[PDB]
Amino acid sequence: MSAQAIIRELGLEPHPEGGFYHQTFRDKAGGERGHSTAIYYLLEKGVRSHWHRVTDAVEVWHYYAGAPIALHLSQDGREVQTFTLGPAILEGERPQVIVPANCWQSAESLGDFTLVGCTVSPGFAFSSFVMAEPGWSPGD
């Protein structure tokens, strides 16, 4: 509402791909990974989400507060689609966007900060996490 305060209040920590996060849930059912995981995720002016992909699970991004976000998706690593993740339903925005399994993804706040939630069905696992080489962009 003031970012810094949100990071403290929720206990957000630097995420490997950039930004700050905190895992709030890992279903105890559905194997060690669990049926799904949930996370609070936040990006600030500058500090953004670098290209990465969850190799074996779908991730649904949810807008919660702050400026909207520009979410880029590239399933084959060549062509990319840009989504505006926000609540302004009548302004071409959508507060919920589905990232298919193994689909490249990156994002950045279009303002001071954006607080989001991320749901990964087959529970998120870093052993299914891969980041693109820095400076890389679909096509490279």
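For every residue, the number given is its place in the sequence shown, counted from 1.
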Segment of higher mean CA temperature factor, 34 to 42 or 77 to 85: 77 to 85
91 to 99 versus 48 to 56 - which carries the larger mean C-alpha B factor in the record: 48 to 56
Between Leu71, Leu110, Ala29, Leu115, which one tops the list for Cα B-factor in this entry? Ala29
Taking the chain's C-alpha temperature factors as the reference, tell me which third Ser128 falls into: lowest, middle or highest. highest
Assigned third (lowest, middle, highest) for the C-alpha B factor of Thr119: lowest
